[PDB]
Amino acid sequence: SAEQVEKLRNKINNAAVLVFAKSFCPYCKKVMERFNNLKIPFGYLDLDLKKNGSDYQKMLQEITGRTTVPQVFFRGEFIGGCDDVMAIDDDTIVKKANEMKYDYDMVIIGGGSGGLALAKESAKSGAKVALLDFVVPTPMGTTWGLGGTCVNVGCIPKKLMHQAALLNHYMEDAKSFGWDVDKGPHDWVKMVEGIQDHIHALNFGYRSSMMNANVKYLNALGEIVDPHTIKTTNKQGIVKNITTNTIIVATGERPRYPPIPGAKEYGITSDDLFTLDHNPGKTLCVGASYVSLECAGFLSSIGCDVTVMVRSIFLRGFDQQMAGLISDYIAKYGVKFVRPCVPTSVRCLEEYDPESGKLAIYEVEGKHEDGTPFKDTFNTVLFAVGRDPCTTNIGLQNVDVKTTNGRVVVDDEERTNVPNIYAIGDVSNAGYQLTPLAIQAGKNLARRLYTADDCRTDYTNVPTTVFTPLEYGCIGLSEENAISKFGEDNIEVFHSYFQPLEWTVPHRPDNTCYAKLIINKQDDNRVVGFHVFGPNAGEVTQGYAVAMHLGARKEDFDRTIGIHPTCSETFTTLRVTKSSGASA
């Protein structure tokens, strides 16, 4: 127990006011009750609630030479136990607890999902936190408020437009169920106002939340100069430096444009799409990422002539049987695919005009991999080909923080090669680019920094869901990566089609929705992958991610009794394997 104590000296030194406590100890309440009465921010850690809380008391007695808890540190200076605190009078203690050397305990570059979460949790454990967020506008001029990609130009509006697309099919279902429905035209502007109304309520909400936690939100861009100070330029344009013990990089990504004539001038991305003045008209999406396919999906169902232009395959990195069934379904309900094919140029012939409500005409050319060129006209070109980490122009050259393929490299505590610089969320090279990951990395990092806990974020078995017109949720390995990792002499795949009961009265096509489990027979038939394609794929999937953290096996799904009538119950009765060739 040699350097796991020096790892804890380290967490003690870069914390703020920190109190090692126990739940039943009377002494601890008196010092904590007193810090609250003098408005002293602190963070505490309670060792009766740790399986290893025993080893913490061992380690603390080498650091301090004291045997009991409480043990209290002011930014590394050990103040002592209970009576050492009651011998500092009510104002030399308050004065001593706020000297720092730096303006801030922590500066967070980036106010996204993860920055905001790390900020809120850090302040609740005593930290003086500055949170920087500034939204460099799109080429066509789009910006948004506090909240990051998810809130403004990501999950929240995407899913909301997805739900305006679902209700169109829900409403044609409703006639089979006895309702006489008119269903008329779709008013694009009324929907984008409802959506931007929720966003602004979340802009307001995250901004309120930061003030009530005593986080200094500064609407300014961050750049690193040295490990302990950050350069900030704000709206008005003035530079100011601030000093910090800790730097967190949480800058996310922004969409990529292909290097082709007219891309930035005339195209849009997800950043622009959730705020368009006008129905996009005849649309071309470029790329076959989840963002491209989800956008084509709800745009088609809202009423647009949509065309997707795919360089090669759909959803590279996802299971490709499933990627086939998404695209086959998108394809069977109006979304046209040109593939394989890449754009070469986009020029403007006619221009958008709010003096008539008539959309620009753009013509896009392209190469078809075979050489045949492509040429057609669209009113909107939407580039959805990937996103790039915001690692340029933040000073990582000045401190020599390592990057790999644009992403900040980080250990299992989200720390870089400089021991006081961290990176969380999408700019990490850890985990999927998902906001619940960003939020968890935030909350756990906050409690290691400012309560000295050892909780680490777990990046295995992370669930995802793709909100294409028929949704696709998955956990774990694709069938092709499991077969590669473990060998086909070790993989069994159970599968089945299924027909949501909600679809039989409306006469939607059976043998479309699909469930499959990837099984590693050599490890007690462990469920190493989980895939579902059907309605409400997000809510089907979530619970099973808990069972796979517990190591669920095929035995365990079958022992579980289904809920009838649901889509999710088909996973309690999978029967048919793939090696058997029997029909699914």
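Residues carry their position along the shown sequence, with the first being 1.
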| item | value |
| --- | --- |
| Given 558-566 and 9-17, the range whose Cα B-factors average higher in the PDB entry | 9-17 |
| Comparing 28-36 with 544-552, the one whose average Cα B-factor in the PDB entry is higher | 28-36 |
| Member of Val215, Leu382, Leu359, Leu132 with the greatest C-alpha B factor (per the PDB record) | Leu359 |
| Criterion, highest CA B-factor; candidates, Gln440, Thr269, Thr232, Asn417 | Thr232 |
| Ranked C-alpha temperature factor of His495 among modelled chain residues, by third | lowest |
| Lowest, middle or highest third - CA B-factor, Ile63 | highest |
| Within-chain third of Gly147 by Cα B-factor, per the entry | middle |
| CA B-factor placement of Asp55, once the chain's modelled residues are sorted into thirds | highest |
| Among modelled residues of the same chain, the CA temperature factor third for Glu253 | lowest |
